[PDB]
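Enquirer: Structure supplied as my_file-v6.cif; contents: mmCIF, N, CA and C atoms.
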data_work
loop_
_atom_site.label_atom_id
_atom_site.label_comp_id
_atom_site.auth_asym_id
_atom_site.auth_seq_id
_atom_site.Cartn_x
_atom_site.Cartn_y
_atom_site.Cartn_z
N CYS A 1 8.54 -1.45 3.12
CA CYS A 1 7.68 -1.18 4.27
C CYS A 1 6.89 0.09 4.09
N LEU A 2 5.78 0.19 4.82
CA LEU A 2 4.84 1.31 4.74
C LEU A 2 4.92 2.13 6.02
N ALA A 3 4.80 3.45 5.88
CA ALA A 3 4.99 4.35 7.00
C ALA A 3 3.81 4.31 7.96
N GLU A 4 4.11 4.56 9.24
CA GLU A 4 3.09 4.96 10.19
C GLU A 4 2.14 5.97 9.56
N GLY A 5 0.85 5.79 9.81
CA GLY A 5 -0.18 6.62 9.22
C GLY A 5 -0.76 6.10 7.92
N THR A 6 -0.13 5.10 7.29
CA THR A 6 -0.67 4.56 6.04
C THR A 6 -2.07 4.01 6.28
N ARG A 7 -3.03 4.50 5.50
CA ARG A 7 -4.43 4.10 5.66
C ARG A 7 -4.75 2.86 4.84
N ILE A 8 -5.38 1.89 5.49
CA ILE A 8 -5.70 0.60 4.89
C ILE A 8 -7.20 0.36 5.04
N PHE A 9 -7.89 0.27 3.91
CA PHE A 9 -9.34 0.05 3.90
C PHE A 9 -9.67 -1.43 4.02
N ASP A 10 -10.55 -1.77 4.97
CA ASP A 10 -11.07 -3.13 5.10
C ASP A 10 -12.40 -3.21 4.35
N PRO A 11 -12.48 -3.91 3.22
CA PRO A 11 -13.72 -3.91 2.44
C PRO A 11 -14.86 -4.72 3.05
N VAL A 12 -14.57 -5.61 4.00
CA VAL A 12 -15.61 -6.41 4.65
C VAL A 12 -16.36 -5.57 5.67
N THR A 13 -15.63 -4.84 6.51
CA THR A 13 -16.25 -4.00 7.52
C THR A 13 -16.51 -2.59 7.04
N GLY A 14 -15.80 -2.13 6.01
CA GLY A 14 -15.86 -0.75 5.60
C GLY A 14 -15.03 0.20 6.45
N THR A 15 -14.24 -0.32 7.39
CA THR A 15 -13.43 0.49 8.28
C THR A 15 -12.05 0.74 7.69
N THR A 16 -11.58 1.98 7.80
CA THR A 16 -10.21 2.33 7.42
C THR A 16 -9.34 2.37 8.66
N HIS A 17 -8.19 1.70 8.60
CA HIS A 17 -7.27 1.55 9.72
C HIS A 17 -5.94 2.22 9.42
N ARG A 18 -5.28 2.73 10.44
CA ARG A 18 -3.87 3.09 10.30
C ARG A 18 -3.03 1.84 10.50
N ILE A 19 -2.02 1.65 9.64
CA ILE A 19 -1.28 0.39 9.62
C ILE A 19 -0.59 0.12 10.96
N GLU A 20 -0.12 1.16 11.65
CA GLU A 20 0.57 0.92 12.92
C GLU A 20 -0.39 0.36 13.96
N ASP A 21 -1.67 0.75 13.90
CA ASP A 21 -2.65 0.18 14.83
C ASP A 21 -2.94 -1.28 14.49
N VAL A 22 -3.00 -1.60 13.20
CA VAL A 22 -3.21 -2.98 12.76
C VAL A 22 -2.10 -3.87 13.28
N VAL A 23 -0.85 -3.42 13.12
CA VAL A 23 0.29 -4.24 13.55
C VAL A 23 0.38 -4.28 15.07
N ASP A 24 0.31 -3.12 15.73
CA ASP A 24 0.50 -3.10 17.18
C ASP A 24 -0.59 -3.87 17.90
N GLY A 25 -1.79 -3.95 17.32
CA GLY A 25 -2.90 -4.67 17.89
C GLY A 25 -3.17 -6.02 17.29
N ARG A 26 -2.33 -6.46 16.35
CA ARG A 26 -2.52 -7.72 15.62
C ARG A 26 -3.98 -7.89 15.20
N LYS A 27 -4.50 -6.86 14.52
CA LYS A 27 -5.93 -6.83 14.23
C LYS A 27 -6.23 -7.73 13.04
N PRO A 28 -7.16 -8.58 13.14
CA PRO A 28 -7.45 -9.54 12.06
C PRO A 28 -8.33 -8.94 10.97
N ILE A 29 -7.82 -7.88 10.34
CA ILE A 29 -8.61 -7.17 9.32
C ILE A 29 -8.52 -7.90 7.98
N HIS A 30 -9.46 -7.56 7.11
CA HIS A 30 -9.31 -7.81 5.68
C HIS A 30 -8.82 -6.55 5.00
N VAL A 31 -8.21 -6.75 3.84
CA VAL A 31 -7.78 -5.68 2.96
C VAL A 31 -8.38 -5.92 1.58
N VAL A 32 -8.27 -4.90 0.73
CA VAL A 32 -8.48 -5.08 -0.70
C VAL A 32 -7.15 -5.53 -1.31
N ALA A 33 -7.16 -6.68 -1.97
CA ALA A 33 -5.97 -7.23 -2.62
C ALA A 33 -6.23 -7.35 -4.11
N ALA A 34 -5.18 -7.20 -4.91
CA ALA A 34 -5.29 -7.39 -6.35
C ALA A 34 -4.82 -8.78 -6.78
N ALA A 35 -5.56 -9.38 -7.70
CA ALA A 35 -5.10 -10.53 -8.45
C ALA A 35 -4.39 -10.07 -9.72
N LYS A 36 -3.69 -11.00 -10.38
CA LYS A 36 -2.85 -10.63 -11.52
C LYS A 36 -3.65 -10.17 -12.73
N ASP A 37 -4.94 -10.49 -12.79
CA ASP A 37 -5.80 -10.08 -13.89
C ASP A 37 -6.44 -8.71 -13.68
N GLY A 38 -6.05 -7.99 -12.63
CA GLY A 38 -6.63 -6.70 -12.33
C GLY A 38 -7.91 -6.72 -11.52
N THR A 39 -8.41 -7.89 -11.13
CA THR A 39 -9.58 -7.91 -10.27
C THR A 39 -9.16 -7.72 -8.81
N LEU A 40 -10.05 -7.10 -8.05
CA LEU A 40 -9.82 -6.80 -6.64
C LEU A 40 -10.71 -7.67 -5.77
N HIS A 41 -10.19 -8.08 -4.61
CA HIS A 41 -10.84 -9.06 -3.74
C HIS A 41 -10.52 -8.76 -2.29
N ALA A 42 -11.40 -9.20 -1.40
CA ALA A 42 -11.13 -9.09 0.02
C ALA A 42 -10.27 -10.27 0.48
N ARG A 43 -9.17 -9.98 1.19
CA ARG A 43 -8.31 -11.04 1.70
C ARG A 43 -7.84 -10.71 3.11
N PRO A 44 -7.68 -11.71 3.97
CA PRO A 44 -7.28 -11.43 5.35
C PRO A 44 -5.78 -11.21 5.51
N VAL A 45 -5.46 -10.32 6.44
CA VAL A 45 -4.09 -10.20 6.94
C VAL A 45 -3.78 -11.41 7.80
N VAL A 46 -2.63 -12.04 7.55
CA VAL A 46 -2.24 -13.22 8.29
C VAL A 46 -0.95 -13.04 9.08
N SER A 47 -0.17 -12.01 8.79
CA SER A 47 1.02 -11.69 9.57
C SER A 47 1.15 -10.18 9.69
N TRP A 48 1.77 -9.76 10.78
CA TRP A 48 1.92 -8.35 11.14
C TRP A 48 3.40 -8.10 11.43
N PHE A 49 4.00 -7.16 10.70
CA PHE A 49 5.43 -6.89 10.85
C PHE A 49 5.67 -5.44 11.26
N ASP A 50 6.42 -5.29 12.34
CA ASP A 50 7.02 -4.02 12.74
C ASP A 50 8.42 -3.99 12.15
N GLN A 51 8.65 -3.12 11.17
CA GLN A 51 9.92 -3.10 10.46
C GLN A 51 10.85 -2.00 10.97
N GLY A 52 10.50 -1.34 12.07
CA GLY A 52 11.40 -0.39 12.69
C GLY A 52 11.37 0.96 11.99
N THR A 53 12.34 1.80 12.36
CA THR A 53 12.38 3.17 11.86
C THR A 53 13.26 3.24 10.62
N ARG A 54 12.71 3.81 9.55
CA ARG A 54 13.37 3.82 8.25
C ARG A 54 13.04 5.13 7.55
N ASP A 55 13.84 5.42 6.53
CA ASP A 55 13.47 6.47 5.59
C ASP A 55 12.30 6.02 4.73
N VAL A 56 11.32 6.89 4.57
CA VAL A 56 10.25 6.68 3.61
C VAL A 56 10.18 7.88 2.67
N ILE A 57 9.90 7.59 1.40
CA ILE A 57 9.66 8.61 0.40
C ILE A 57 8.17 8.76 0.21
N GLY A 58 7.78 9.87 -0.43
CA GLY A 58 6.35 10.07 -0.62
C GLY A 58 5.94 10.12 -2.08
N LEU A 59 4.89 9.40 -2.44
CA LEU A 59 4.35 9.46 -3.79
C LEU A 59 2.99 10.14 -3.71
N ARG A 60 2.90 11.37 -4.21
CA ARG A 60 1.64 12.09 -4.23
C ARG A 60 0.93 11.74 -5.53
N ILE A 61 -0.30 11.25 -5.40
CA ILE A 61 -1.07 10.61 -6.46
C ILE A 61 -2.19 11.56 -6.85
N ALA A 62 -2.59 11.53 -8.13
CA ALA A 62 -3.80 12.23 -8.52
C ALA A 62 -4.95 11.85 -7.60
N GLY A 63 -5.70 12.85 -7.16
CA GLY A 63 -6.70 12.69 -6.12
C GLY A 63 -6.27 13.23 -4.77
N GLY A 64 -4.96 13.35 -4.53
CA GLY A 64 -4.44 14.02 -3.35
C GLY A 64 -3.83 13.11 -2.31
N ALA A 65 -3.99 11.80 -2.42
CA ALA A 65 -3.37 10.92 -1.45
C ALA A 65 -1.87 10.91 -1.63
N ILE A 66 -1.16 10.70 -0.52
CA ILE A 66 0.28 10.52 -0.53
C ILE A 66 0.59 9.18 0.10
N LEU A 67 1.23 8.31 -0.67
CA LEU A 67 1.71 7.02 -0.16
C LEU A 67 3.13 7.22 0.36
N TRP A 68 3.35 6.88 1.63
CA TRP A 68 4.67 7.00 2.25
C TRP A 68 5.23 5.60 2.43
N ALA A 69 6.30 5.29 1.71
CA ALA A 69 6.82 3.92 1.71
C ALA A 69 8.33 3.94 1.57
N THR A 70 8.98 2.87 2.01
CA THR A 70 10.42 2.78 1.83
C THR A 70 10.75 2.73 0.33
N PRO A 71 11.92 3.24 -0.07
CA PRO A 71 12.24 3.22 -1.51
C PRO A 71 12.21 1.84 -2.13
N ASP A 72 12.43 0.79 -1.34
CA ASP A 72 12.44 -0.56 -1.90
C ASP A 72 11.07 -1.22 -1.92
N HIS A 73 10.03 -0.56 -1.41
CA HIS A 73 8.72 -1.21 -1.39
C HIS A 73 8.14 -1.32 -2.79
N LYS A 74 7.60 -2.49 -3.10
CA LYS A 74 7.08 -2.73 -4.44
C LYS A 74 5.66 -2.19 -4.60
N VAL A 75 5.47 -1.42 -5.67
CA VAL A 75 4.22 -0.76 -6.03
C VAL A 75 3.79 -1.29 -7.39
N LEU A 76 2.50 -1.59 -7.55
CA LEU A 76 2.01 -2.04 -8.85
C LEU A 76 1.82 -0.83 -9.76
N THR A 77 2.41 -0.89 -10.95
CA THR A 77 2.38 0.24 -11.87
C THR A 77 1.91 -0.20 -13.25
N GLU A 78 1.76 0.80 -14.12
CA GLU A 78 1.43 0.55 -15.52
C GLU A 78 2.45 -0.34 -16.21
N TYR A 79 3.67 -0.42 -15.63
CA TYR A 79 4.80 -1.22 -16.11
C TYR A 79 4.83 -2.63 -15.55
N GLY A 80 4.16 -2.87 -14.43
CA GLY A 80 4.39 -4.01 -13.57
C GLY A 80 4.85 -3.53 -12.21
N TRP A 81 5.39 -4.47 -11.44
CA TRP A 81 5.87 -4.16 -10.10
C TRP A 81 7.16 -3.34 -10.19
N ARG A 82 7.20 -2.22 -9.46
CA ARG A 82 8.38 -1.36 -9.43
C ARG A 82 8.65 -0.91 -8.00
N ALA A 83 9.93 -0.78 -7.67
CA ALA A 83 10.30 -0.22 -6.38
C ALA A 83 9.85 1.24 -6.30
N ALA A 84 9.30 1.63 -5.15
CA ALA A 84 8.77 2.98 -5.01
C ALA A 84 9.84 4.02 -5.34
N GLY A 85 11.08 3.75 -4.93
CA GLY A 85 12.17 4.68 -5.15
C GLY A 85 12.58 4.86 -6.60
N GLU A 86 12.13 3.98 -7.49
CA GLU A 86 12.42 4.13 -8.91
C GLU A 86 11.33 4.91 -9.65
N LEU A 87 10.20 5.17 -9.00
CA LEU A 87 9.09 5.86 -9.65
C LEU A 87 9.34 7.36 -9.71
N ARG A 88 8.78 7.98 -10.74
CA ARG A 88 9.00 9.39 -11.01
C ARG A 88 7.66 10.04 -11.32
N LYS A 89 7.61 11.36 -11.17
CA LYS A 89 6.46 12.14 -11.61
C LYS A 89 6.04 11.72 -13.02
N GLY A 90 4.76 11.44 -13.20
CA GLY A 90 4.23 11.02 -14.48
C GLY A 90 4.05 9.53 -14.63
N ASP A 91 4.74 8.72 -13.83
CA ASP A 91 4.45 7.30 -13.81
C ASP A 91 3.06 7.06 -13.25
N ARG A 92 2.44 5.96 -13.68
CA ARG A 92 1.06 5.66 -13.31
C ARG A 92 1.03 4.42 -12.44
N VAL A 93 0.41 4.53 -11.26
CA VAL A 93 0.30 3.43 -10.31
C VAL A 93 -1.11 2.87 -10.33
N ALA A 94 -1.22 1.58 -9.99
CA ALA A 94 -2.52 0.94 -9.88
C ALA A 94 -3.19 1.40 -8.59
N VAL A 95 -4.48 1.75 -8.68
CA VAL A 95 -5.26 2.25 -7.56
C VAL A 95 -6.61 1.55 -7.53
N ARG A 96 -7.22 1.57 -6.36
CA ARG A 96 -8.63 1.22 -6.22
C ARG A 96 -9.46 2.49 -6.37
N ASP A 97 -10.35 2.51 -7.35
CA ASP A 97 -11.23 3.67 -7.47
C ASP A 97 -12.12 3.74 -6.24
N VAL A 98 -12.06 4.87 -5.53
CA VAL A 98 -12.74 4.96 -4.23
C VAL A 98 -14.25 4.98 -4.36
N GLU A 99 -14.78 5.36 -5.53
CA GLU A 99 -16.22 5.36 -5.74
C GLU A 99 -16.72 4.03 -6.30
N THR A 100 -15.95 3.38 -7.18
CA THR A 100 -16.41 2.16 -7.82
C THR A 100 -15.83 0.89 -7.23
N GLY A 101 -14.70 0.96 -6.52
CA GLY A 101 -14.07 -0.23 -5.99
C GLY A 101 -13.32 -1.07 -7.00
N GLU A 102 -13.18 -0.60 -8.24
CA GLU A 102 -12.49 -1.34 -9.28
C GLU A 102 -11.09 -0.78 -9.48
N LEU A 404 -10.24 -1.57 -10.11
CA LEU A 404 -8.86 -1.13 -10.34
C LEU A 404 -8.77 -0.16 -11.51
N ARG A 405 -7.99 0.90 -11.32
CA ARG A 405 -7.64 1.79 -12.43
C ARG A 405 -6.22 2.29 -12.18
N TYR A 406 -5.78 3.28 -12.95
CA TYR A 406 -4.43 3.78 -12.80
C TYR A 406 -4.47 5.29 -12.60
N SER A 407 -3.57 5.79 -11.74
CA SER A 407 -3.47 7.21 -11.45
C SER A 407 -2.03 7.68 -11.59
N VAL A 408 -1.86 8.92 -12.04
CA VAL A 408 -0.54 9.50 -12.26
C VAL A 408 0.06 9.93 -10.93
N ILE A 409 1.37 9.76 -10.80
CA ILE A 409 2.12 10.36 -9.69
C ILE A 409 2.31 11.84 -10.01
N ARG A 410 1.76 12.70 -9.15
CA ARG A 410 1.91 14.14 -9.31
C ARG A 410 3.24 14.63 -8.75
N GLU A 411 3.76 13.96 -7.71
CA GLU A 411 5.00 14.47 -7.13
C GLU A 411 5.70 13.37 -6.36
N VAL A 412 7.03 13.37 -6.38
CA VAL A 412 7.84 12.51 -5.52
C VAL A 412 8.44 13.38 -4.42
N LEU A 413 8.24 12.99 -3.19
CA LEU A 413 8.67 13.75 -2.04
C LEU A 413 9.90 13.10 -1.40
N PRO A 414 10.81 13.94 -0.86
CA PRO A 414 12.06 13.44 -0.27
C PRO A 414 11.80 12.64 0.99
N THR A 415 12.86 11.99 1.47
CA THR A 415 12.70 11.09 2.61
C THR A 415 12.37 11.85 3.88
N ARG A 416 11.60 11.18 4.74
CA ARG A 416 11.48 11.53 6.14
C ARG A 416 11.57 10.23 6.92
N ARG A 417 11.87 10.35 8.22
CA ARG A 417 12.05 9.17 9.06
C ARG A 417 10.72 8.80 9.71
N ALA A 418 10.37 7.52 9.66
CA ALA A 418 9.11 7.09 10.24
C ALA A 418 9.23 5.65 10.73
N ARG A 419 8.39 5.30 11.72
CA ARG A 419 8.14 3.89 11.98
C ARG A 419 7.55 3.28 10.72
N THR A 420 7.94 2.05 10.41
CA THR A 420 7.45 1.39 9.21
C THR A 420 6.96 -0.02 9.53
N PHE A 421 6.17 -0.56 8.61
CA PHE A 421 5.35 -1.75 8.85
C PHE A 421 5.16 -2.51 7.55
N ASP A 422 4.90 -3.81 7.69
CA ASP A 422 4.44 -4.62 6.57
C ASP A 422 3.30 -5.50 7.07
N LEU A 423 2.47 -5.94 6.13
CA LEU A 423 1.46 -6.96 6.39
C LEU A 423 1.62 -8.07 5.37
N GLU A 424 1.37 -9.30 5.79
CA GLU A 424 1.26 -10.41 4.86
C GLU A 424 -0.22 -10.65 4.59
N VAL A 425 -0.61 -10.63 3.33
CA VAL A 425 -2.01 -10.80 2.94
C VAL A 425 -2.17 -12.16 2.27
N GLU A 426 -3.14 -12.94 2.76
CA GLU A 426 -3.30 -14.33 2.33
C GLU A 426 -3.55 -14.45 0.82
N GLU A 427 -2.86 -15.41 0.21
CA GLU A 427 -3.01 -15.86 -1.18
C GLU A 427 -2.53 -14.83 -2.20
N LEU A 428 -3.01 -13.60 -2.13
CA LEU A 428 -2.72 -12.64 -3.19
C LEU A 428 -1.54 -11.72 -2.90
N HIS A 429 -1.15 -11.55 -1.64
CA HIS A 429 0.12 -10.90 -1.28
C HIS A 429 0.19 -9.45 -1.75
N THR A 430 -0.96 -8.79 -1.80
CA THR A 430 -1.05 -7.38 -2.15
C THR A 430 -2.09 -6.73 -1.25
N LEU A 431 -2.01 -5.40 -1.14
CA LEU A 431 -3.06 -4.67 -0.44
C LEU A 431 -3.15 -3.27 -1.01
N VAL A 432 -4.29 -2.64 -0.76
CA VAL A 432 -4.52 -1.25 -1.13
C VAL A 432 -4.19 -0.36 0.07
N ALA A 433 -3.23 0.55 -0.12
CA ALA A 433 -2.71 1.41 0.93
C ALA A 433 -2.78 2.83 0.39
N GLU A 434 -3.49 3.72 1.09
CA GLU A 434 -3.76 5.07 0.57
C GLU A 434 -4.29 5.02 -0.86
N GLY A 435 -5.12 4.02 -1.15
CA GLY A 435 -5.70 3.85 -2.47
C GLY A 435 -4.82 3.15 -3.49
N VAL A 436 -3.55 2.89 -3.18
CA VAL A 436 -2.58 2.38 -4.15
C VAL A 436 -2.34 0.89 -3.92
N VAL A 437 -2.24 0.13 -5.01
CA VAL A 437 -1.96 -1.30 -4.89
C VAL A 437 -0.47 -1.49 -4.63
N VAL A 438 -0.13 -2.09 -3.48
CA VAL A 438 1.25 -2.31 -3.09
C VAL A 438 1.45 -3.75 -2.66
N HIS A 439 2.72 -4.10 -2.51
CA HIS A 439 3.15 -5.42 -2.12
C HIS A 439 2.83 -5.69 -0.65
N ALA A 440 2.39 -6.92 -0.34
CA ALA A 440 2.02 -7.30 1.03
C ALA A 440 2.34 -8.79 1.19
N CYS A 441 3.63 -9.09 1.16
CA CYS A 441 4.11 -10.42 0.87
C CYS A 441 4.59 -11.14 2.13
N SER A 442 5.01 -12.39 1.94
CA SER A 442 5.64 -13.15 3.00
C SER A 442 7.07 -12.63 3.22
N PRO A 443 7.64 -12.88 4.40
CA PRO A 443 9.04 -12.50 4.65
C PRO A 443 10.02 -13.20 3.71
#
Is it possible to express this structure as structure tokens?

Expert:
Amino acid sequence: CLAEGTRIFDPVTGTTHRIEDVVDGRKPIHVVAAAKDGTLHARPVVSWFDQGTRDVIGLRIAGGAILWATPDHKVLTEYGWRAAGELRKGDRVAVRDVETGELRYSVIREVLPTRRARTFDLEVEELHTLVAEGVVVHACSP
């Protein structure tokens, strides 16, 4: 799950949303989703999950964004899919380049300890991924 405050870019409208507003309002946004070949595409959110209050860890990424996610949340990395809690400083995560909109990889500059937050998931049609704070993460069915 992803923490309250996680920013989700809608590539169709160009609007960035906080995930808790998307879920609490059942907003029919699109996200940027990754296909397995590294191409990025617009896909609609089809389900909205309130996952309750959980520990989230922080992954501070080159560029300055911090992804706050539960340790078990799957993140796309240079290795493949990995649980956020297994990632370490120096591992490289898949990101959407904010200027070009294409997929690239960025280094984790720091892993931050847990804090307690409301957490959320979205189900993204067909591709089951989304870009959250610039990072490609899992956005799957229950």

Enquirer: Please provide the set of residues having any atom within 10 Å of residue 87 in chain A, restricted to only C-alpha atoms, with same-chain residues fewer than 3 positions apart removed, written as a PyMOL selection string.

Expert: chain A and resi 59+71+75+77+82-84+90-93+409+411-412

Enquirer: Which residues, written as a compact mmCIF listing (two decimals) with N, CA and C atoms, keeping the file's coordinate frame, have at least one atom at most 6.5 Å from residue 33 in chain A, with only N, CA and C atoms counted and residues fewer than 5 positions away on the same chain left out?

Expert:
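The resulting file, around_31.txt, is reproduced below:
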# COMPACT_ATOMS: atom_id res chain seq x y z
N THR A 39 -8.41 -7.89 -11.13
CA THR A 39 -9.58 -7.91 -10.27
C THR A 39 -9.16 -7.72 -8.81
N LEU A 40 -10.05 -7.10 -8.05
CA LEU A 40 -9.82 -6.80 -6.64
C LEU A 40 -10.71 -7.67 -5.77
N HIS A 41 -10.19 -8.08 -4.61
CA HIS A 41 -10.84 -9.06 -3.74
C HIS A 41 -10.52 -8.76 -2.29
N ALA A 42 -11.40 -9.20 -1.40
CA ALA A 42 -11.13 -9.09 0.02
C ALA A 42 -10.27 -10.27 0.48
N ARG A 43 -9.17 -9.98 1.19
CA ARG A 43 -8.31 -11.04 1.70
C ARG A 43 -7.84 -10.71 3.11
N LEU A 428 -3.01 -13.60 -2.13
CA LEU A 428 -2.72 -12.64 -3.19
C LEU A 428 -1.54 -11.72 -2.90
N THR A 430 -0.96 -8.79 -1.80
CA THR A 430 -1.05 -7.38 -2.15
C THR A 430 -2.09 -6.73 -1.25
N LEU A 431 -2.01 -5.40 -1.14
CA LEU A 431 -3.06 -4.67 -0.44
C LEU A 431 -3.15 -3.27 -1.01
N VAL A 432 -4.29 -2.64 -0.76
CA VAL A 432 -4.52 -1.25 -1.13
C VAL A 432 -4.19 -0.36 0.07

Enquirer: Pick out the closest residue to residue 419 in chain A from this set: A:6, A:442, A:100, A:53. Count all atoms listed in the file.

Expert: A:53

Enquirer: If you measure from CA of residue 79 in chain A to CA of residue 102 in chain A, what distance in Å do you get, rounded to one decimal?

Expert: 18.6 Å

Enquirer: Report as an MDAnalysis selection string the residues that result from applying the PyMOL selection byres (((chain A and resi 29 and name CA) around 9) and name CA) to the structure here.

Expert: chainID A and resid 10 12:13 17 22 26:28 30:31 43:46

Enquirer: Could you jot down the CA of residue 20 in chain A to CA of residue 99 in chain A separation for me, Å, one decimal place?

Expert: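 That distance, rounded to one decimal, is 25.5 Å.
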
Enquirer: I would like the residues chosen by the PyMOL selection byres ((chain A and resi 434) around 6.5) on the shown file; could you give them as JSON, numbers by chain?

Expert: {"A": [6, 7, 8, 9, 65, 66, 67, 432, 433, 435, 436]}
